[PDB]
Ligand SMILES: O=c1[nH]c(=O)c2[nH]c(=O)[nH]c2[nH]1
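Below sits a lone chain in structure tokens, taken as the form solved without the ligand.
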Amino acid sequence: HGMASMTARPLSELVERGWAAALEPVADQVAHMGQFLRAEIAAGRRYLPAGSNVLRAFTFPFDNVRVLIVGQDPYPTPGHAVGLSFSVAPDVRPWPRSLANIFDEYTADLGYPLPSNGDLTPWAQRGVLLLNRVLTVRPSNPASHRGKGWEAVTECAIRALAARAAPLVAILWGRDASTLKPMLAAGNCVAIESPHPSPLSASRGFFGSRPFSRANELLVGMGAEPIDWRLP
């Protein structure tokens, strides 16, 4: 299921059952995004990630999400984005510099060895929502799908998480992510804020932020299970 399905089929057929219910308020908006993508292709433009990966962050169970990591837009280099914020496919070398920064801090914070590859799927399988606010991008055109309708989709997702009584930690990287604080404050959600891991900002405070260990300390305090951050 790709673009065709996103334009034409119910949420139940696109994402995990809990997510499908959570995203029901934006069912028409999702369909409209599928049409936007169809129009892009008809016009002789491409988009990233692959259609089958666009909604991938919502294919893991809504009820198990305990940490939210927000990204802005997918990687713009062809072949990098795979539908989970910051993740890349296992064969990708070198890693994008933002991911290399995230992994630098992972090693410093947790003491684990540097990951073998850039695939963050294990995090998604273990209750981390790796959510870009904008879920597609035109190749090599950073932030080119901003303002095209994804924002309402991804905001609906975040509000559904925040509305729950269940524990949530939100890792908020950069000023744009920090815009989410109001919706997060009225819930059972603690936000960890730092500069973004992009090389443009990382050295102003991303390094040293220890988000992984902090998120776990917060979770355990709230009686939730921590995340097993360990990557192979």
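What we label the rigid core is the largest C-alpha set whose atoms superpose within 1.5 Å from one form to the other. When you see a residue number, it is the position in the sequence shown, counting from 1.
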Per the entry, higher mean C-alpha B factor between 176 to 184 and 199 to 207:
176 to 184
Comparing 159 to 167 with 38 to 46, where is the mean C-alpha B-factor higher?
159 to 167
Taking the Cα B-factors listed in the entry, which of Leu135, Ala143, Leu130, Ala100 comes out highest?
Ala143
What's the residue among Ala124, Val153, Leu114, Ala81 with the greatest CA temperature factor in the PDB record?
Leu114
Looking at the entry's B-factor column for C-alpha atoms only, identify whether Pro90 ranks in the lowest, middle or highest third of its chain.
highest
Tertile call for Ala22 (CA temperature factor, within chain, third-based) is the middle
Split the chain's modelled residues into thirds by Cα B-factor; is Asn64 in the lowest, middle or highest one?
highest
Where the record places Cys189 (Cα B-factor, split into thirds across the chain)
highest
Select lowest, middle or highest to describe the third in which the CA B-factor of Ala215 falls within its chain in this entry.
lowest
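Below, we refer to the form deposited with the ligand bound, which is not included among the displayed structures.
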If the ligand is transferred from its position in the deposited complex by superposing the C-alpha atoms around the site, does the shown form leave the pocket open, or is it blocked, with blocked meaning at least 3 ligand atoms within 2.4 Å of a backbone or C-beta atom?
open
Please determine, with the chain shown alone, which of 26 to 34, 50 to 58, 186 to 194, 64 to 72 has non-hydrogen atoms within 4.5 Å of the ligand in the deposited complex.
64 to 72
With heavy atoms only and a cut-off of 4.5 Å, decide whether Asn132 touches the ligand in the deposited complex.
yes
Should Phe86 be classed as touching the ligand in the deposited complex when contacts are defined as heavy atoms within 4.5 Å?
yes
Residue contact check: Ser98 to the ligand in the deposited complex, 4.5 Å heavy atom:
yes
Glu193: after superposing the rigid core, is there a C-alpha shift of 2 Å or more between this form and the one not shown?
yes
